[PDB]
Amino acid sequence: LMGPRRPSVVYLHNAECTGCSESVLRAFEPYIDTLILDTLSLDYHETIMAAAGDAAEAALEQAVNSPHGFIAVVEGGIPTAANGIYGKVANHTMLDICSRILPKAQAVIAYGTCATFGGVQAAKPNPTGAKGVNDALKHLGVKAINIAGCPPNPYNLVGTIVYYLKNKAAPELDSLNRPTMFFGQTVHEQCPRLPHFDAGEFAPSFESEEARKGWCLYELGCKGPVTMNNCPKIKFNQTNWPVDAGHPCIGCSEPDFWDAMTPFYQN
């Protein structure tokens, strides 16, 4: 699977819902077909790969041991409690496989809110003591590139890899290890309904006339003022995004958003 010419990528699935993988499958100009055939070499990815069981393991071992190195993209949080017993693949705890593989990677990218900060399963009471990558492997020097979102905008993944491939270094990161180029602004300052907010023109409810007129959704719970992402500018699927569909932002690209931003419909 690994050889010269095409950069190797090893994709790992920890505690997740696969929504992040599905997001990359939505790549547009270049599409997923271009990336897999012409730009990179996806050597391990449980969702699409042809091989399974022992042959799958073999393919991963082959790829991580390659004389050329590899880039690792991580999806999901790592279940720590009770010795990582809450998450096992091929009878190995996710904690082990990640401790064994991540320190060898030339670059590790945590893709999504779960991998980045812990996510949905780390929310109180956190029955599995799940943590993000940097948190569970700090003791091994693993310091990953973050890229938060649930799922993140795919343009943000592609842009980081392409920037890495041509520079052999990272772009510029914020306090949470996220690329300043994609997370250097609150979605609020890039929101079309901003004029409304600035003039106290809020909708009191969704069924109201003011919602129908597109008034600001702050009173209904918009987390946009304390969230960092590029949703309004890049949009999703080249066509829509949360508030344009009339629903407030739930701050999905922030650390402990599940507990920190809830109740979602209150401010």
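Numbers for residues come from their place in the sequence shown, where the first is 1.
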With respect to the recorded C-alpha B factors, which stretch has the higher mean value, 53-61 or 195-203? 195-203
Averaging C-alpha B-factors over each stretch, which comes out higher, 219-227 or 65-73? 65-73
Among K104, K131, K88, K124 - the residue whose C-alpha B-factor is largest in the record: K104
Quick tally, chain-level thirds of C-alpha B-factors: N240 sits in the middle
With respect to C-alpha B-factor, does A27 fall in the lowest, middle or highest third of the chain as deposited? lowest
Place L137 in the lowest, middle or highest third of its chain's C-alpha B-factors, as listed in the PDB entry. highest
What third of the chain does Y164 rank in for C-alpha temperature factor, lowest, middle or highest? highest
C-alpha B factor of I147, ranked within the chain: lowest, middle or highest third? lowest
